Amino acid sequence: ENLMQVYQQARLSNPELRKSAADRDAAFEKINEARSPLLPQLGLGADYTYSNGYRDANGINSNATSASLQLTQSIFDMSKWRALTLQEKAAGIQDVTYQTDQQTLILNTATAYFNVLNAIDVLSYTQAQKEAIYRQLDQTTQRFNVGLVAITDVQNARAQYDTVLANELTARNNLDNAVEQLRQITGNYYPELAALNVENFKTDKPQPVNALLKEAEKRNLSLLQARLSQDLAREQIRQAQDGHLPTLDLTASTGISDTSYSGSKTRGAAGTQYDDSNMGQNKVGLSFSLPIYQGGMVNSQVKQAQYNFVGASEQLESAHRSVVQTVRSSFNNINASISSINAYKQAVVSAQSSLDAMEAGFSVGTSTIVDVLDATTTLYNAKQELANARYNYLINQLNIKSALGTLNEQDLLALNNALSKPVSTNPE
């Protein structure tokens, strides 16, 4: 399949991104658990108790039973509103983290995809290098037979074909592990992909660096998260400061008490005290609580929260600095990648006419086969180095979007258009 189709099938299955989602999903649900203390708490208690008097109570015994429907309600507790506020903020943070992890699926799928396309290019060039050496070995072994080439030109040539044989070997390996890379990320094995359409390919220059930098400062997810986090440390300072405020709660019960006495000093007290009591109370009440001095625990908590804010801020500076260097390095690299595709584009042309020369030269006395092998080897190196450099440009366009924070599905859709030929991932 093409880039799109691979990516899309990975979107639905990546246990890396699916976990990041379950983390986002929990953090948002946990807002609910944070809101809960601002709502009515409603419990039910029943307490059986048997007392047995001794000393000045030797002979007074009781079997008591109570039950109640208790209700609590926060009426003014700033600290509980703050927790709600923080859980919202943490959830927002988790969402930027998901946003970031979404992008990482894109960059990682593209990368593995091209790393396969390359493992393929490398193989097929290494096979063409092998095959080309064989034919040059069978003209250097049908000219040695005829006397006009030294035996050490054939021992060298055979030792050199044996190397391209061992190279073809650790080339498929590289390829095979590449599709294993792709499977882990993607969940699948592909019999064929779709390689970079070679003639229909031009590099597009990058936007000025100062524009990319400015766009990144508005939308780069690492930066947006450092900001949300500084925001969290500041709300956390208020939280420390809430421990100075007073709290007003409401309570309301409906209880039922059923005591009954026994023993000896109950057998004629006749004060109708030790007579069965059957109470029932409806209550509603307000507790007010004000902290006044707590060993200075509140102030130390506040100071801590403030250093935490400095730290959150330093972390933020670290973030701009990272976005700066990432956005620049990333611009720098796409430029060096364009100027590289150009140089290798020409070194292939050179390596080609340089080979063509020493094939004519060798079959007619002029230059050795060890002139023709090198010139051949040299060709296929520029051949590889080129197609490799192309892929890096493609992946470097994607890094620029990541550093920007805009890396999305469309960046993949466009890149899809620039490849077409279905290539096998398991060449015979």
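All residue numbers are counted from 1 along the displayed sequence.
Participant: Using only the Cα atoms and their B-factors as the entry lists them, report which of 286 to 294 and 67 to 75 averages higher.
Facilitator: Averaged over C-alpha atoms, the B-factors run higher in 286 to 294.
Participant: Averaging the C-alpha B factors as listed in the entry, name the stretch that ends up higher: 126 to 134 or 103 to 111.
Facilitator: The stretch with the larger mean CA B-factor is 126 to 134.
Participant: Sort 187, 208, 92, 311 by C-alpha B-factor from the entry and give me just the highest.
Facilitator: So the option with the highest C-alpha B-factor is 208.
Participant: Have a look at 177, 306, 152, 315 and flag the one whose Cα has the highest B-factor in the entry.
Facilitator: Across 177, 306, 152, 315, the entry lists the biggest C-alpha B-factor for 152.
Participant: Lowest, middle or highest third of the chain for the C-alpha temperature factor of residue 263?
Facilitator: Lowest third of the chain for residue 263's C-alpha B-factor.
Participant: Can you work out whether the C-alpha temperature factor of residue 9 puts it in the lowest, middle or highest third of the chain?
Facilitator: As the PDB entry reports it, the C-alpha B-factor of residue 9 lands in the middle third of its chain.
Participant: Splitting the chain's C-alpha B-factors into thirds, which one does residue 360 fall into?
Facilitator: Within its chain, residue 360 is a highest-third residue by C-alpha B-factor, going by the deposited values.
Participant: In terms of the chain's CA B-factor thirds, is residue 412 lowest, middle or highest?
Facilitator: Highest third.
Participant: Relative to the other modelled residues of the same chain, rank the CA B-factor of residue 348 and answer lowest, middle or highest third.
Facilitator: Within its chain, residue 348 is a highest-third residue by C-alpha B-factor, going by the deposited values.
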